[PDB]
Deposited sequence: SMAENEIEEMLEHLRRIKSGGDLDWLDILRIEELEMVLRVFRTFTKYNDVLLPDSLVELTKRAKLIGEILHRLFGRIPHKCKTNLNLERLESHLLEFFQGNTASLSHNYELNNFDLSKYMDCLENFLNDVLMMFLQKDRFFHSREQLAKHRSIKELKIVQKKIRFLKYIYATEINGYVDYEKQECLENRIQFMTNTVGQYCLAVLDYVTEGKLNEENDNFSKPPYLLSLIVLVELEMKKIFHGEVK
């Protein structure tokens, strides 16, 4: 819960800087982009304990990615206020946090999926001021799929609510847990790619298939009751 404190206090500082003080519209637009970045990374730090890759050599390049992202991001803040704020301290804290690596918290995984879908949607439906060739409807198919995936997650969180909250009474369903963990990791790296993309990224996910497979496994395992 360390990086969450620093993120929330940087958000409060940015709120104070916005609430009162002469700053050009453009400067507070950069500030808004920065606090969006910070909310994304806040979700990441909140649910990083469940983002478990299999080979930490993948963690090597994930840390590389997060590092160069965080460094490219701390570039367009006004030199006016970037001196006044401890951004480099926050960056160091976050880099240190993101190299930290039989009960399954299946409420945390659904919450991570919900939060990450909300974040990907929020970052998509922000930047589409930068409009491009009218084949951009591809994006709108993507959005559509996401809006279904998102909704489907809510569906899965309603029907199996008592089974989710209280999954510790049930035993290991390696199929279900492996599918959920794979989708969680996929959504994490997807949110990271979207954050890089919406922010002049140096460098398709097939999430509906995964959420459908999770839904079917859940129906199989949770409707095999006496109810």
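Residues of the deposited sequence with no modelled C-alpha atom fall in the ranges 102-111, 214-222.
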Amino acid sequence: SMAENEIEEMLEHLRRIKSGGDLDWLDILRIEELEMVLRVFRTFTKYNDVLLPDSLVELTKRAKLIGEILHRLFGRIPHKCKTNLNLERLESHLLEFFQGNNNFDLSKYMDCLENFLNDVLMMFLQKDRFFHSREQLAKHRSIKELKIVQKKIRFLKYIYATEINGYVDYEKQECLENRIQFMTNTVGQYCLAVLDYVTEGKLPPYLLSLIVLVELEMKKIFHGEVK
From here on, numbers count along this sequence of modelled residues.
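As the entry records it, the average C-alpha temperature factor is higher for 12-20, out of 12-20 and 207-215. Judged by mean Cα B factor in the deposited record, 163-171 ranks above the other of 39-47 and 163-171. Of the candidates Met183, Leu34, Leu192, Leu59, the one whose C-alpha carries the top B factor in the deposited record is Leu59. Looking at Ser92, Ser133, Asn118, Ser142, the one whose CA carries the top B-factor in the deposited record is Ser133.
Ranked within its chain, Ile77 lands in the highest third, by CA B factor from the PDB record. Per-chain ranking of the deposited C-alpha B factor places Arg129 in the highest third. Per-chain ranking of the deposited C-alpha B factor places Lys152 in the lowest third. Ranked against the other modelled residues of its chain, the C-alpha B-factor of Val198 as given in the entry falls in the lowest third.
Among all modelled residues in its chain, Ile28 ranks in the middle third by Cα B-factor.
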